[PDB]
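Participant: Here it is, the structure in full.
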Amino acid sequence: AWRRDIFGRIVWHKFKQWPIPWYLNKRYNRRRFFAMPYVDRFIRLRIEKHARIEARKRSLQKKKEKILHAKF
Amino acid sequence: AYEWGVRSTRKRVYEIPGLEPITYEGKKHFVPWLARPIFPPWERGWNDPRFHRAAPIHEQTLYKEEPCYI
Amino acid sequence: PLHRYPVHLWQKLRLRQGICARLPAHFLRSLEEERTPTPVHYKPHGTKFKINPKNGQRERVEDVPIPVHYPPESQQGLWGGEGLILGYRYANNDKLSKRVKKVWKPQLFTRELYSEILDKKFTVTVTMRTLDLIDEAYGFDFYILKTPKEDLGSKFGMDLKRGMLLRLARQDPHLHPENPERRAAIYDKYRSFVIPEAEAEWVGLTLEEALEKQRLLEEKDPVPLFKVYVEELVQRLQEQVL
Amino acid sequence: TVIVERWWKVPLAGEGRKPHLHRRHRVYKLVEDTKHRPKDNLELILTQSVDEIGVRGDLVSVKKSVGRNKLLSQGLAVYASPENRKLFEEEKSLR
Amino acid sequence: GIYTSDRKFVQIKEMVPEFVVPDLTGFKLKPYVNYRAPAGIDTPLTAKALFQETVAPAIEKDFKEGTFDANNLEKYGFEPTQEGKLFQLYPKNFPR
Amino acid sequence: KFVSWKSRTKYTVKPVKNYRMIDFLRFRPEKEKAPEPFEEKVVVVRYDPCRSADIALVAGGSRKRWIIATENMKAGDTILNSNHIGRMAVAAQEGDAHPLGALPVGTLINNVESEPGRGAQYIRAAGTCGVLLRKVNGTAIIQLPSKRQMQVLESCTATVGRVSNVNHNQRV
RNA sequence: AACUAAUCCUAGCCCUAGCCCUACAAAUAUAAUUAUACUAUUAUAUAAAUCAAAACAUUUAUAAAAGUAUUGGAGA
RNA sequence: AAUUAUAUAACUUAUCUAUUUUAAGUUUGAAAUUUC
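So the sequences go chain by chain: Y, 5, X, H, 9 and D.
When you line the first sequence up against the authors' numbering, it's residues 169 to 240, in that order.
When you line the second sequence up against the authors' numbering, it's residues 30 to 40, 48 to 106, in that order.
When you line the third sequence up against the authors' numbering, it's residues 2 to 243, in that order.
When you line the fourth sequence up against the authors' numbering, it's residues 50 to 144, in that order.
When you line the fifth sequence up against the authors' numbering, it's residues 40 to 135, in that order.
When you line the sixth sequence up against the authors' numbering, it's residues 62 to 78, 103 to 257, in that order.
As structure tokens, this is what we get:
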């Protein structure tokens, strides 16, 4: 199933075989599938980072375009 | 008498009628923002000695009211 | 870069797309609508225009609500709009005196009230103002149902409202068990608040609860492709027969 | 109930804006607080007998907590709603 | 195997994999194929193709005869549960 | 990493890794006895590392339990523990546990409890003795080592005699 | 015509514009990345100060009307 | 030190509680200001 990790990302969680149910398994409950409040800052950075990535590739493309103009 | 044992180590939505509160049972893991489910008895399907517990003495067929001193 | 829509519009965009759009309209309206709580610690201006004494000119007026802090404990009780006013005080109420940090606490109490709809006596944190409102509302059950969420100012009260609305809506026999004649009287007494069962279910539900409920409502076990193809084959064969 | 008013006049925001509060605008004056006052009077009906405040069945005006903490808490007094008030007089009429 | 209390190893026969080796006698397929043999265009099998090849003929015959009902979906090959089969499609209970 | 060491489930007379579990509720009915007066034997007067006074092992019936030793407690002595409130003066052997009602005024006592059932908490140090200043009906006055005179119900248990090391309070 | 050296042009970036976003297996929060039980499972109070007032103390920003009326150790 | 010292703390009165016939004073001082 799709689950949210402690980093705020949504990732597919593959289920594991256990002899006891989840509620009787404290260790499985010990595993954290919830995001902490401080991840809100990270989420904004991810959106900004994605926007930054688009800018960087465009800058990278511009440098490659210089080669086209320079060669021809 | 002196008390032995440091004190440090010493030990709504549900009430609404006609509806059942949502719980993280579907999630299969605890989350603070969902209600704690009430779980019915679990059935392993086989006997595990490591987790098996001996039956009480009184329920034994050989239990006798008279005390036998050995 | 820069976000075309401000951060506050991010919430609106999320509500307009995904499971939030699929949420029931009645519940969506309840969340979207915001109603100002009845003033308690401040008096709104009676008139919208006044003559300034200095210039003798009519000027439009504005209302400044006093800041009031409502602790979560109020969400577990039934407060009649009273709240903790946190701020600074001047000793003896003269500006020439020292400033002291002050927390003003309305006197709070825990008392028991009987609910006819639920036929149970609930021990609740309540203030004297709420008791007057209950009498003005013509009953504790009436007060919970009549009072809006903001004026009620209690999650516990909202939970009672959902239960009362759900109880009234369903004509549930659980009301006053083994007294069918008495059950009808309670429904007739509070008949004004009868509403569709769907709406009553979502009254007072938290956002996390609402999203999970809608997710559960729309969750569907995967359809075995055998069944899907069997119906498709039969439909195609039946269509061919036509 | 506590009522407070800002000491410092806040510049008017006009027709459709919100004034921006400042540090001196954060200081408030206490016009009235029930805590400093003695308990205000409250109207209640004695459902039992209490010493030297009357007898069961009478309507007495007593200070809110003083009446509430002693009479109502023990159960001596009760609140008089409009519905039970009309019922009580009808019951008293039949009495 | 399982390590029980007292630090003693106890091998479990069931958990020990057994290599099922097929008989290659009479089998005409070898590691390599002729360059003389033309290659076949890849046609990955799908549920639609599998259902059409196996399940469709039975229903088509039954539909014309009229001996079709919803209750008998298992008759045409539906499995209500994977329990009872040594190899369960979901959840997978066998190794590669 | 701090775990309480006072976690022994079973009361024992053997030193515990050593700590010997002391009993400050003198009249605890031992096995195979009704809540009636019972007698015990002082097996040995041992040394307690965790207490200034020396502890004397007192055993009766099928139960053996450590207790504080009085001034004249010695090995082989017999110690009586009675719950009955004597109509007349009850025979007093130093170290015996008796209700304040049983004892007469002026008898030195130790290991007294402020409230019935509380257990001995004062006069547990070496050389400390409580004097029964006054006795009336069900109330008695006992002078604690702090010199604070307290009035308690006669149900409270008092052990006759002073604590061992009679000259501990006189140390210079 | 000498050794050490030197020579080069893009690697890429920067500012605005535009634009919100909705981009294998196996193992893992236990001791993370240890294929199955242990042990239940959980962040955060005005932001302050520095700083300015040449120190320091209330105090110190974070379309036009207009830097006007006002406020302020009436001073920054 | 001088001067104040509604941090708090106490008492008195309210307060809040029982019965039943923090604020305002004052005091300590968390401190503040000035001088040494």
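Ideal placement from N, C-alpha and C gives every residue a C-beta, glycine not left out.
Please list the residues of the region 139 to 152 of chain D that have a C-beta atom closer than 9 Å to any C-beta atom in chain 5, keeping them in chain order.
Facilitator: Listed in sequence order: no entries.
Participant: Does any C-beta atom of chain D lie closer than 8 Å to the C-beta of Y31 (chain 5)?
Facilitator: Yes, its Cβ sits closer than 8 Å to a Cβ of chain D.
Participant: Please list the partners that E64 (chain H) has in chain X, where partner means a Cβ-to-Cβ separation under 9 Å.
Facilitator: Here the neighbours are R61 and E63.
Participant: Along the region 76 to 107 of chain H, where does the CB come closer than 8 Å to a CB of chain X? Name the residues.
Facilitator: Result list: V76, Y77, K78, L79, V80, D82, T83, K84 and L91.
Participant: Beta-carbon of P53 (chain 5) versus every beta-carbon of chain X: anything under 8 Å?
Facilitator: Answer yes: the Cβ-Cβ gap between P53 (chain 5) and chain X drops below 8 Å somewhere.
Participant: So which residues on chain Y does residue 15 (chain 5) lean against when the C-beta distance must stay under 7 Å?
Facilitator: Examination of residue 15 (chain 5) is not possible in this model, given that chain 5 is present from 30 through 106 alone.
Participant: Can you pull the chain X residues whose beta carbon is under 7 Å from the beta carbon of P131 (chain H), in chain order?
Facilitator: The answer, in chain order, is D136 and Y139.
Participant: Using DSSP's beta-bridge definition, name the partner residues of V76 (chain H).
Facilitator: Answer by DSSP bridge pairing, in chain order: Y89 (chain X).
Participant: If distances are taken between C-alpha atoms only, which option among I20 (chain X), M165 (chain X), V195 (chain X) and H42 (chain X) comes closest to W105 (chain X)?
Facilitator: Of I20 (chain X), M165 (chain X), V195 (chain X) and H42 (chain X), the residue nearest in Cα terms is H42 (chain X).
Participant: Where does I226 (chain D) sit, in a helix, a strand or coil, going by DSSP?
Facilitator: Here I226 (chain D) sits in strand by DSSP.
Participant: Is DSSP giving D82 (chain H) helix, strand or coil here?
Facilitator: Strand at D82 (chain H).
Participant: Are the C-beta atoms of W82 (chain 5) and some chain X residue less than 8 Å apart?
Facilitator: Chain X, which has no Cβ nearer than 8 Å to the Cβ of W82 (chain 5), makes this no.
Participant: Taking the DSSP output, what are the residues bridged to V216 (chain D)?
Facilitator: Answer is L193 (chain D), bridged to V216 (chain D).
Participant: Could you check which residue in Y72 (chain D), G223 (chain D) and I194 (chain D) has the C-alpha nearest to that of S249 (chain D)?
Facilitator: Ranking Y72 (chain D), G223 (chain D) and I194 (chain D) by Cα distance to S249 (chain D) puts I194 (chain D) first.
Participant: Report the three-state DSSP secondary structure of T242 (chain D) (helix, strand or coil).
Facilitator: Looking at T242 (chain D) - three-state DSSP - the assignment turns out to be strand.
Participant: Do you know how far the Cα of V65 (chain X) is from the Cα of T38 (chain 5)?
Facilitator: Roughly 52 Å separates the two Cα atoms.
Participant: Excluding the 5 residues preceding and the 5 following residue 246 (chain X) in the sequence, name in chain order all residues of the same chain whose CB lies nearer than 7 Å to its CB.
Facilitator: This structure gives no information on residue 246 (chain X), because the portion of chain X shown stretches from 2 to 243.
Participant: Would you please state the rounded distance, in angstroms, between the beta carbons of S240 (chain D) and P201 (chain D)? I believe it to be under 8 Å.
Facilitator: Contact flag correct, Cβ pair sits at about 4 Å.
Participant: Output, in sequence order along the chain, the residues in the region 200 to 211 of chain X whose CB is closer than 7 Å to any CB in chain 5.
Facilitator: The residues in question are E202, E209 and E210.
Participant: Using a Cβ-Cβ cut-off of 7 Å (strictly less than) and excluding sequence neighbours within five positions of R55 (chain H), which residues of its own chain qualify?
Facilitator: Around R55 (chain H): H74 and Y77.
Participant: Residue ranges of each alpha helix (DSSP H) run of no fewer than 4 residues wholly in the region 76 to 143 of chain H, ordered along the chain?
Facilitator: Here the runs fully enclosed are 131 to 143.
Participant: For a cutoff of 8 Å on Cβ pairs, would you count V111 (chain H) as touching chain X?
Facilitator: Output row for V111 (chain H): interface = no.
Participant: Considering only C-alpha positions, which residue in the set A26 (chain X), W11 (chain X), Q12 (chain X) and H4 (chain X) is nearest to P197 (chain X)?
Facilitator: Answer by Cα proximity: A26 (chain X).
Participant: Could you tell me the boundaries of the alpha helix (DSSP H) in which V8 (chain X) lies?
Facilitator: Its alpha helix (DSSP H) spans residues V8 to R17.
Participant: Which chain X residues are close to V127 (chain H), counting only those with a beta carbon under 7 Å from its beta carbon?
Facilitator: Simply none; closest approach about 11 Å.
Participant: In chain order, what are the residue ranges of uninterrupted alpha helix (DSSP H) at least 4 long that sit wholly in the region 63 to 142 of chain X?
Facilitator: If we require 4 residues or more, the alpha helix (DSSP H) runs fully inside the region 63 to 142 of chain X come out as 73 to 76 and 129 to 137.
Participant: Residues bridged to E124 (chain D) by DSSP?
Facilitator: DSSP output for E124 (chain D) lists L165 (chain D) as bridge partner(s).
Participant: For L142 (chain D) and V128 (chain D), which I take to be in contact (beta-carbon distance under 8 Å), what is that distance rounded to the nearest angstrom?
Facilitator: With 8 Å as the limit, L142 (chain D) and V128 (chain D) qualify as a contact, their Cβ atoms being about 4 Å apart.
Participant: When Cβ atoms are compared, which residues of the region 115 to 128 of chain 9 fall closer than 9 Å to chain X?
Facilitator: Going along the region 115 to 128 of chain 9 in chain order, one finds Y115, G116, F117 and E118 with a Cβ nearer than 9 Å to chain X.
Participant: By how many angstroms is the C-alpha of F133 (chain 9) removed from the C-alpha of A169 (chain Y)?
Facilitator: Roughly 21 Å separates the two Cα atoms.
Participant: Taking all protein chains shown into account, decide if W82 (chain 5) is buried (16 or more other Cβ within 10 angstroms of its Cβ) or exposed.
Facilitator: When all chains shown are included, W82 (chain 5) counts as exposed.
Participant: At 3 residues or longer, what runs of the beta strand (DSSP E) sit wholly inside the region 176 to 227 of chain Y?
Facilitator: Segments of the beta strand (DSSP E) lying fully in the region 176 to 227 of chain Y: 178 to 180.
Participant: Hey, would you say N193 (chain Y) sits closer than 8 Å to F66 (chain 5), going by beta carbons?
Facilitator: No, the pair does not count as a contact, with Cβ atoms beyond the cut-off.
Participant: Taking a Cβ distance cut-off of 9 Å, strictly less, list which residues of the region 221 to 239 of chain Y are near chain X, in chain order.
Facilitator: So the close ones are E222 and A223.
Participant: Smallest Cα separation from residue 302 (chain D): which of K220 (chain D), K67 (chain D) and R69 (chain D)?
Facilitator: Past the boundaries of the shown model lies residue 302 (chain D); chain D is included only from 62 to 257, so the question cannot be answered.
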